[PDB]
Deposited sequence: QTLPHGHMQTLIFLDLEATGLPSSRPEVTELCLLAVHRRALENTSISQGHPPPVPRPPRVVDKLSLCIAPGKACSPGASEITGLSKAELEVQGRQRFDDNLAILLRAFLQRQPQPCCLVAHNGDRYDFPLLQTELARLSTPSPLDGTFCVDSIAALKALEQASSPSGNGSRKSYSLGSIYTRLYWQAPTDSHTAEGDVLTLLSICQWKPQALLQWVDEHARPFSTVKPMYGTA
């Protein structure tokens, strides 16, 4: 049963941030990669080769100046720091960023579904909190979201760690590239979604839920 129709585009998403949830983190880097459903509908060996990302894709990767310092932990793994984001003149998560995101979304055929790894616990609530600071009305209040951890559990079971890298090494037998660059993680995430692309699309269509319903991570 399809609660909101076929999702016409999938937007792979990854945030880098200042820290883990209980630090009440702020976003330092955001990457979206937008793929039409038909790119999966047209995506084999043991192991199969890492799938070739579709030719037709839209991509946005942005570095964002946070309002507070990165935790030592986050700085090391991301290679980002408030101090360097500022030296290099990055703007905060502001009203202009929300226009950018709206315009990027408006270029995708609707409905759209955000896809993030640990998205329900991490990227979705965090993104919600960032947006709630703005009171520009949120550009995501019409979009849908789903967690790729739950997706890949269902796929493998129909076919142990569900961390991005563990799944990727299990399917493909390679270490992933560019850990904790947001674009690098979005890539790695695409590759596992392209593992069984028809069944993944099916699952996403089954499980998409309104992003307006996602509770903020904190602040509320």
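Participant: Unmodelled stretches of the deposited sequence, numbered from 1?
Facilitator: Unmodelled stretches: 1, 45-47, 164-171, 233.
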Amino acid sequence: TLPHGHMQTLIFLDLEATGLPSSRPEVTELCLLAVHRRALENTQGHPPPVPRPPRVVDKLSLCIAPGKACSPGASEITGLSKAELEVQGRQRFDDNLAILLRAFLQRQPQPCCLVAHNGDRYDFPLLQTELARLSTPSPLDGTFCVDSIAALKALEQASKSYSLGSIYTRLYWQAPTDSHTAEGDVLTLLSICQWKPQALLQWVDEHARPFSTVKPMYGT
From here on, numbers count along this sequence of modelled residues.
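By rigid core we mean the largest C-alpha set that fits within 1.5 Å across both forms.
Participant: On a core superposition, give the stretch, 135-143 or 116-124, with the larger average C-alpha separation from this form in 6 other deposited structures of this protein (RMS over structures and residues).
Facilitator: The more displaced stretch in 6 other deposited structures of this protein turns out to be 135-143.
Participant: Once the rigid core is matched, which of the two stretches, 26-34 or 169-177, lies farther off on average in 6 other deposited structures of this protein by C-alpha?
Facilitator: Relative to the shown form, the greater RMS C-alpha distance in 6 other deposited structures of this protein belongs to 169-177.
Participant: Among the other compared PDB entries, is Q157 dropped in a third or more?
Facilitator: No: coordinates for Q157 present in every compared entry.
Participant: I need to verify one thing: averaged over C-alpha atoms only, is the B-factor higher for 132-140 or for 145-153?
Facilitator: It is 132-140.
Participant: Where do the C-alpha atoms have the higher mean temperature factor in this entry, in 169-177 or in 24-32?
Facilitator: According to the PDB entry, the answer is 169-177.
Participant: Which third, lowest, middle or highest, does the C-alpha temperature factor of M7 belong to within its own chain?
Facilitator: Lowest third of the chain for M7's C-alpha B-factor.
Participant: Please say which third, lowest, middle or highest, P48 falls into when its CA temperature factor is compared across its chain.
Facilitator: Ranked within chain, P48 CA B lands in the middle tercile.
Participant: Going by the CA temperature factor in the PDB record, which third of the chain does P210 belong to: lowest, middle or highest?
Facilitator: Middle third - that is where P210 ends up once the chain's C-alpha B-factors are sorted.
Participant: Split the chain's modelled residues into thirds by Cα B-factor; is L40 in the lowest, middle or highest one?
Facilitator: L40: CA B-factor falls in the highest third of its chain.
Participant: For the chain shown, is the CA B-factor of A103 in the lowest, middle or highest third of its modelled residues?
Facilitator: Highest third - that is where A103 ends up once the chain's C-alpha B-factors are sorted.
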